[PDB]
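> begin with these chain(s), straight out of the complex:
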Amino acid sequence: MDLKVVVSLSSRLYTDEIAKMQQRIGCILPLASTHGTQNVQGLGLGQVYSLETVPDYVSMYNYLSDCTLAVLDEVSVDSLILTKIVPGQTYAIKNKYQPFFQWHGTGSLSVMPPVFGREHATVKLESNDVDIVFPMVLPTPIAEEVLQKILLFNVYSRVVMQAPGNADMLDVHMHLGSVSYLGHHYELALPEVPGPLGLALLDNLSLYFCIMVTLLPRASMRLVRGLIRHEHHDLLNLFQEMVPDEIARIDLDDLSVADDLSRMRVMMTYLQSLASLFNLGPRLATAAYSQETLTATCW
């Protein structure tokens, strides 16, 4: 059909803002609305990644999951010109993202919210008093490790200050710093983990995960015991051995039914949410590549 949007800007653009902008003439962008006439508002992620309010990872994933993505194609001060990304077609995307990861033919690119420093994901347009923020695009296997390692870095870095003698930060850094993949080694730039809670964009997700893991074994056994009938899964009775002696010791009588069901329900909510998160909802396949051209045929 026709797929294109021209976004007008308020004022003209300063020079070193135009060249800086040109440097990303092949990357992806999260839109606001599906119309061929839009302001600059709702085009990056600062709409949900501003500097005033605290960044929430989950708040950004809940927006990337349900939005429209597009590719830049022309940038010339007075207006930008992009093209939507709707299924049923093949687009051509040019890899340029400051923390750089070498792509391979026949992979599956995953758009993940920026976890690295802000300057490697954002571009400011001060002529218009607007920052545009770009989502991070990694090959699915890589993101699979980069999201677990950073999250465990959060945990360790918090608990070591909470309790000194639990571990050594040096065991944390040399372990989690490097991520290696497919005959390639990559070195993470870690976010230095500021102390107080809530001001870590991973703090919320770490809370979700840890509360889930603290609540799991209490409800697991109860759910196991209640199930058994004359006719049930053989495999259930089988795995009923696997659980440690410790958990099978827990007595359901001690917990009150109100609190018990509270744990049950909140834990199930946390599971249903968290497991969905890991799937890396916006994911797109790769068919071809060029290392010298930085071109990937994706869809």
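Thanks, I have it. Residues are numbered from 1 along each chain as shown, chains lettered A, B, ... in the order given.
> mind listing the strands for the stretch 151-299 of chain A?
Assigned by DSSP state E, counting those that start in this stretch, the stretch 151-299 of chain A shows strands spanning A:178-181, A:184-187, A:283-290, A:295-298.
> return the most buried member of those strands.
Comparing these by mean neighbour count (mean count of other Cβ atoms under 10 Å), strand A:295-298 ranks first with a mean of 19. All C-beta spots, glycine's among them, are computed from the backbone N, C-alpha and C.
> strands paired with that one, and their directions?
Strand A:295-298 has the following strand partners under DSSP bridges: strand A:91-94 (antiparallel), strand A:283-290 (antiparallel).
> what would the ones you listed look like in JSON lines with distance to residue A:42?
As requested, those are arranged in JSON lines below (distance: least, Cβ to Cβ, whole Å):
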{"stretch": "strand A:91-94", "distance to residue A:42": "21"}
{"stretch": "strand A:283-290", "distance to residue A:42": "22"}
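> just so I know, which of the ones you listed lies nearest residue A:75?
Nearest to residue A:75 among the strands paired with strand A:295-298 is strand A:91-94; the distance by Cβ to Cβ comes to 13.2 Å.
> ok so, going back, how about the strands of the stretch 151-299 of chain A in JSON lines, adding distance to residue A:125?
Below are the strands of the stretch 151-299 of chain A laid out as JSON lines (distance: least, Cβ to Cβ, whole Å):
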{"stretch": "strand A:178-181", "distance to residue A:125": "32"}
{"stretch": "strand A:184-187", "distance to residue A:125": "30"}
{"stretch": "strand A:283-290", "distance to residue A:125": "27"}
{"stretch": "strand A:295-298", "distance to residue A:125": "27"}
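> to residue A:21, which of the ones you listed lies closest?
Nearest to residue A:21, of all the strands of the stretch 151-299 of chain A, is strand A:295-298, at 20.1 Å by Cβ to Cβ.
> could you check how far the residue lying closest to residue A:203 once chain neighbours are set aside is from residue A:31?
Nearest residue to residue A:203, sequence neighbours excluded (Cβ to Cβ, 6 or more residues apart in numbering): residue A:197, at 5.5 Å. Between residue A:197 and residue A:31 the distance, using Cβ to Cβ, to the nearest Å, works out to 33 Å.
> also put chain B on there:
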Amino acid sequence: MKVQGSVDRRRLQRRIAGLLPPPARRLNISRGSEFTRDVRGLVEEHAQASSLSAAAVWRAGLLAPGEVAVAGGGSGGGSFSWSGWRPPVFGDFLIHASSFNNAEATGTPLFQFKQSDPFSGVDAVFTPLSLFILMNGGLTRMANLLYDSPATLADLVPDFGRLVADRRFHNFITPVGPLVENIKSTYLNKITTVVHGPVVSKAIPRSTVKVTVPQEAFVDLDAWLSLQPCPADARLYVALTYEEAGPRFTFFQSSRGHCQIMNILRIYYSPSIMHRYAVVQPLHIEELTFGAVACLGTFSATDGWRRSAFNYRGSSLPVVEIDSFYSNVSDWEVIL
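The block that follows adds chain B to the chains above:
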């Protein structure tokens, strides 16, 4: 005397009427007329195989603004689509002449394992019988007839024993899809396949290739399980399994639904799972993973199965064929 104040209907009616025409469908035929031209117009699919001359290029219309060639090469308006027609995307493979047997069936889909050498320029692909070769009167005879000296394959992945014990063999391997064209050379063969689209032949002489799987591996999930309706699409899967014999590769096909398919899988594997996990070896951490599944695409149902007997070196092989398959590869899912 009114000084023009905007774009006018001219240059607008032209653009819009050409943008306008909708596809024809539901033409009425009368047994009196019984045949017409517009009937043919509805009929023709407009295949694109242009034949190398300048004027013929345009006549075929392979030179057309739309990704699909349109009639006459963009002169007419068109129908802005063809029932969601997406030209199949193709994958170009360069395979060592030893790993792949040229006499293989063309319908057979392919699998490539991820090699981990710096800047790998030659890759190693695997077909079902080949994977059966690696992981070690039935298949075995026909396989050993097709592939000899399995070390010629085993040296491709110098990590096989490590991955089978590490239960990570499933995650590396990516399927691609069915075979399309084949050129045979002494050193490195030229092979090309298709991913994410209708399975089709690219040869100038037209041929309709149908995906094939040998009968020992393929297991119809809906066959052995038995109101229920029959929908249009029927989906095919691969499943990898680490049994105490070894990694054992099979197949699965049904329309029953994903959440349902994972469940039927458990009841299917349960007795095998029991002895696998039983007294023989208790278990560590990584070892717990047992198998993995993937979705292989859509195949119109009620078409069902024919069984084609493949011939090689004076021996018969029983093989099932599924027609008009549409390639759509999905990722891997643990089953336990």
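> got the contact list for residue B:333?
Counting by Cβ atoms under 8 Å, 6 or more residues apart in numbering or on different chains, residue B:333 touches B:262, B:292, B:293, B:294.
> could you rerun that using 6 Å?
residue B:293 (Cβ atoms under 6 Å, 6 or more residues apart in numbering or on different chains).
> quickly find the element holding the closest residue in space to residue A:234 that isn't next to it in sequence.
Nearest residue to residue A:234, sequence neighbours excluded (Cβ to Cβ, 6 or more residues apart in numbering or on different chains): residue B:270, at 5.6 Å. Under the criterion DSSP states H and E, the helix or strand holding residue B:270 is helix B:258-277.
> show residues contacting the helix or strand just after that helix.
Next helix or strand after helix B:258-277 toward the C-terminus (DSSP H and E): strand B:291-300. By Cβ under 6 Å, 6+ apart, the residues outside strand B:291-300 that reach it are B:170, B:233-241, B:322, B:324-328, B:330, B:332-335.
> try 7 Å
Contact partners of strand B:291-300, identified using Cβ atoms under 7 Å, 6 or more residues apart in numbering or on different chains, comprise B:170, B:175, B:232-242, B:265, B:322, B:324-335.
> hmm, back to that, just the C-alphas of the helix holding residue B:270, formatted as CSV.
This file holds the C-alpha atoms of helix B:258-277, laid out as CSV (Å, rounded to 0.1, in the frame of the first residue of the first chain):
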residue,chain,number,x,y,z
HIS,B,258,-0.4,-25.7,21.1
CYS,B,259,-1.5,-25.8,24.8
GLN,B,260,-3.1,-29.1,23.9
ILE,B,261,-0.1,-30.4,22.0
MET,B,262,2.3,-29.9,24.9
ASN,B,263,-0.2,-31.9,27.0
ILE,B,264,-0.6,-34.8,24.6
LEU,B,265,3.2,-34.9,24.4
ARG,B,266,3.5,-35.6,28.1
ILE,B,267,1.1,-38.6,28.0
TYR,B,268,2.9,-39.8,24.9
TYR,B,269,6.3,-39.7,26.5
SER,B,270,5.3,-40.6,30.1
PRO,B,271,6.4,-44.3,30.3
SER,B,272,9.6,-43.4,28.3
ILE,B,273,10.1,-40.5,30.7
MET,B,274,9.7,-42.7,33.8
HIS,B,275,12.5,-45.3,33.1
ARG,B,276,14.6,-42.5,31.6
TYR,B,277,14.5,-40.7,35.0
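> let's add chain C too:
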Amino acid sequence: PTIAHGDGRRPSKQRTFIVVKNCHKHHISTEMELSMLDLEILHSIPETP
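Below, chain C sits with the chains from the block before:
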């Protein structure tokens, strides 16, 4: 240009190169000297032989 091949090798599409060459500028100087007595008697009409 390119060549057609039988292998499945990734095909190089149409290519094209653009190169720019620029100029260089060069300077030359010299100095000569003359006395004032010499330059002055170029101005005056001579009286005697």
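> the contacts of strand B:291-300 again please, chain C included this time.
For strand B:291-300, the external contacting residues (Cβ under 7 Å, 6+ apart) are B:170, B:175, B:232-242, B:265, B:322, B:324-335.
> pull out the buried residues from that strand.
For strand B:291-300, a neighbour-count test (16 or more other Cβ atoms under 10 Å in any protein chain shown) marks B:291, B:292, B:293, B:294, B:295, B:296, B:297, B:298, B:299 as buried.
> that strand versus helix B:258-277: what angle between them?
150 degrees (axes from the mean of the first three to the mean of the last three Cα atoms, to 10 degrees).
> so of the contacts of strand B:291-300, which ones are in strands?
Members of the contacts of strand B:291-300 lying in strands (criterion: DSSP state E): B:175, B:233-242, B:322, B:326-327, B:333-334.
> of those, which is the most crowded?
The most crowded member of those, judged by other Cβ atoms under 10 Å in any protein chain shown, is residue B:238 (25 neighbours).
> dump the residue contacts of it.
When contacts are counted by Cβ under 7 Å, 6+ apart, residue B:238 touches B:175, B:251, B:294, B:296.
> and of those, the nearest to residue A:296?
Set against residue A:296, the nearest of the contacts of residue B:238 by Cβ to Cβ is residue B:175 (20.4 Å).
> which non-adjacent residue is nearest that closest one?
Here the nearest residue to residue B:175 in space, its sequence neighbours aside, is residue B:111; by Cβ to Cβ, 6+ apart that works out to 4.9 Å.
> got a list of contacts for the helix or strand harbouring the one you found?
Secondary-structure assignment from DSSP H and E places residue B:111 in strand B:109-112. Strand B:109-112 is contacted by residues B:123, B:125-127, B:131, B:173-179, B:193, B:211 when judged by Cβ under 7 Å, 6+ apart.
> C-terminal to it, which secondary structure element comes first?
Next element after strand B:109-112 (DSSP H and E): strand B:125-126.
> just checking, what packs against that following strand?
strand B:109-112 (3 or more Cβ pairs under 7 Å, 6 or more residues apart in numbering or on different chains; DSSP states H and E).
> just the CA atoms of the strand it packs on, as PDB, please.
Extracted in PDB, the C-alpha atoms of strand B:109-112 (Å, rounded to 0.1, in the frame of the first residue of the first chain):
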ATOM      1  CA  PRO B 109      13.600 -30.200   5.100                       C
ATOM      2  CA  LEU B 110      17.000 -29.200   6.400                       C
ATOM      3  CA  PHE B 111      18.800 -28.400   9.600                       C
ATOM      4  CA  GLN B 112      21.900 -26.300  10.200                       C
END
